[PDB]
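Worksheet: the structure to be examined is printed underneath.
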Amino acid sequence: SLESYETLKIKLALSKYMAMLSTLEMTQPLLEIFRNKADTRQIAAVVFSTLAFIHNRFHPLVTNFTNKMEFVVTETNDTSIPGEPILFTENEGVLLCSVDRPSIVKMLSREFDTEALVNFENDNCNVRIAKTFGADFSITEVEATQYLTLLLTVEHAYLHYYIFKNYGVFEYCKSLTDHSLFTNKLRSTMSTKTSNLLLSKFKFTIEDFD
Amino acid sequence: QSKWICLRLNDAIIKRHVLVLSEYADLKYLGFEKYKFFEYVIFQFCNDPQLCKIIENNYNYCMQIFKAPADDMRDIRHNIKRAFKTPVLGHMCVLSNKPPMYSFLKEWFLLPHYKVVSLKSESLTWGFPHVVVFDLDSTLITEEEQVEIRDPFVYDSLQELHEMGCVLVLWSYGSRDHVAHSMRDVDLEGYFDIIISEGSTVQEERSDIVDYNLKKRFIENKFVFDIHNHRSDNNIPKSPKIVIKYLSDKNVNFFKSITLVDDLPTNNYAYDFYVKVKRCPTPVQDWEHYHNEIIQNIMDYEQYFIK
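Listed in order, the protein sequences are those of chains J and k.
Using the entry's author numbering, the letters of the first sequence map in sequence onto residues 38 to 172, 198 to 272.
Using the entry's author numbering, the letters of the second sequence map in sequence onto residues 6 to 213, 222 to 320.
This is the structure in structure tokens:
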């Protein structure tokens, strides 16, 4: 399908993101790393590097980035707010961000489904048994799902940060009270590389019923 | 008039078929695993030598290089069959990503690629056949209102043609209705394979039920032929498009060659062979030289090249 190569390009950008940080400093699966305080600074650096890649692919026209900013890990509702497990802040010049690890840890736990859903295969001997006649790499779909999930999670944060930077604190608050600016906007200067951004990919809605 | 190049797949997991390329990078539309579905792929020769060099470095498939200034369907097929030592070849695939504008190839069957896996295989012959096309108009009938065969020898020769494993296709340009009476006068339903009618005219093919009396098992020979040329002339060519269409409808999927026998050279668009019928209001009984012509035309590839 014409859809097919777009899916392949999306998978390609996905893996292009994945491998670099899956090799650099990569000690253990994400869940193992995040389960404990073990190098909270490692978790911080991981998130920072993810944000760096996001800035890269959003604005690759100029690859430079201000490496300097502060990290905060917190562990309590008093320390967190629903819906935004990441929060940017600025204090008298001190640019900082804060996150609640347990929220995301709990989040990355229910990915247990399987996709017995729709058409595939074109089940045929030619498809399979024809080539049944004739003629450490360890990865799995559930882990790919988890990692893509976390990426999409960080997308929200990165957009928030970008807008806050470009428009100042007032609009930061305004947007947090109302993300309507996010509402249905591919429209941009090309420098956003808006097609690079995964909002363009898939769509969802609730129905309020009874 | 161009140089040309072709892929030959290493493993013909699907055989016989060929494709035509506008870009070497068009591969990206094909993506993973889809490449295994095509035996050959022609491309116009590289202008940039680096493209041909990358080709030469590639080991995933074999390839060939040649000149074909003869920008003709059948001549290109001849050249490729020479290059790959093969008597019979499959259909030519096309994609929504529109083909290169080699539109001199316009008049042909075009295969929407995805069908290729869906394609059946057919009982109709145990071996790959040749095919021969015929008309009614001034064709093999005597020209009077009631017609003899030009020879009963020809009458039975039509039957014996089945001994060679070859296909008989009659498309009367003449009117539909009378042909049923014609066959009732002299029936070749036991002697002939395929029947079509009402080809006489080209008509404005642009965007802007039968057998009620006697239970014939015939069809609407539907007007589905393009204007195809958008020009001021007067020609009604026999359409390989329509012919291959009805063939594959009869699940006829591969063939060695096709010949035309007709009174109009004009309708021949580079058919492999043309037999200009001699007009004949009397039984000429000349058939034996027609026989010889047809037999030698068939025999052409026994040397493995038609010449």
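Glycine residues also receive a C-beta, built at the ideal position from the N, C-alpha and C atoms.
Listed along the chain, the chain J residues whose CB falls inside 7 Å of the CB of k:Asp16 are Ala172. If the five residues before and after J:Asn258 are omitted, its C-beta is found closer than 7 Å to the C-beta atoms of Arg94 and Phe95, all from its own chain and listed in chain order.
Contact between k:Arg13 and k:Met97 does not hold, since the beta-carbon distance rounds to 15 Å and is not under 8 Å. For J:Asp137, the enclosing beta strand (DSSP E) stretches over residues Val131 to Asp137. Under the Cβ criterion (8 Å, minimum of three pairs), the region 236-244 of chain J does not count as touching the region 25-41 of chain k. For k:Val191, there are no CB contacts under 6 Å within the same chain when 5 residues up- and downstream are skipped. DSSP, reduced to helix, strand and coil, places J:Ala153 outside both helices and strands of the structure shown, so it counts as coil. In the three-state DSSP reduction, k:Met68 falls in the strand class (E or B). For J:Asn228, no beta strand (DSSP E) segment is defined; the enclosing uninterrupted segment is the alpha helix (DSSP H) at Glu203 to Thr239. Under the Cβ distance rule, k:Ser126 does not count among the residues neighbouring chain J, no pair being separated by less than 8 Å. As computed with DSSP, k:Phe48 is found in a beta bridge with k:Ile10 and k:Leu26. Non-local beta-carbon contacts of k:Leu227 in its own chain, meaning distances under 8 Å to residues more than five positions away in sequence, involve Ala185 in chain order. Nearest to J:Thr207 by C-alpha distance, out of J:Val83, J:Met144 and J:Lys74, is J:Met144. The three-state reading of DSSP puts k:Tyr259 in helix, counting H, G and I together. At a cut-off of 8 Å between beta carbons, k:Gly95 makes no contact with chain J. Flagged as an interface residue toward chain k: J:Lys168, by a C-beta distance shorter than 8 Å. A distance below 6 Å between beta-carbons, with the five flanking residues on each side excluded, links k:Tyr40 to no residue of its chain. With a threshold of 8 Å between beta carbons, k:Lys33 makes contact with chain J. At a cut-off of 8 Å between beta carbons, k:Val122 contacts chain J. k:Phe318 places its beta carbon 8 Å or farther from that of k:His135. Under the three-state reduction of DSSP output, k:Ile19 falls in the coil class, being neither helix nor strand. Cβ neighbours of k:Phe158 within its own chain (closer than 7 Å, five residues either side excluded): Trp300. The region 236-294 of chain k is shown to contain whole beta strand (DSSP E) runs of 3 or more residues at 271-275 and 286-289, in chain order. Boundaries of the beta strand (DSSP E) around k:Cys98: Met97 to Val99.
Annotated as proximal: k:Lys251 and k:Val138, with beta-carbon spacing under 8 Å.
Taking CB atoms only, J:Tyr42 has a neighbour in chain k less than 8 Å away. In terms of beta-carbon proximity, k:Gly36 lines the interface with chain J, with at least one pair separated by less than 8 Å. Residues of chain J whose Cβ lies closer than 7 Å to the Cβ of k:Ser101 are, in chain order, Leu39.
Neighbours of J:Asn156 across chain k, judged by C-beta separation under 7 Å, do not exist; the nearest C-beta is about 14 Å away. If you look at k:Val138, you'll find it in the beta strand (DSSP E) that goes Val136 to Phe139.
Excluding its 5 nearest sequence neighbours in each direction, k:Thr295 has C-beta neighbours in its own chain below 7 Å: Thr147, listed in chain order. Counting of Cβ neighbours within 10 angstroms places k:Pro117 among the exposed residues, the total staying below 16.
Collapsing the DSSP output to three states places k:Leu173 in a strand. Residues of the region 46-68 of chain J with a C-beta atom less than 7 Å from some C-beta of chain k do not occur. For k:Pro105, the three-state secondary structure derived from DSSP is coil. Taking the beta carbon of J:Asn163 as reference, the chain k residues within 9 Å of it are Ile18, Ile19 and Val122, listed in sequence order.
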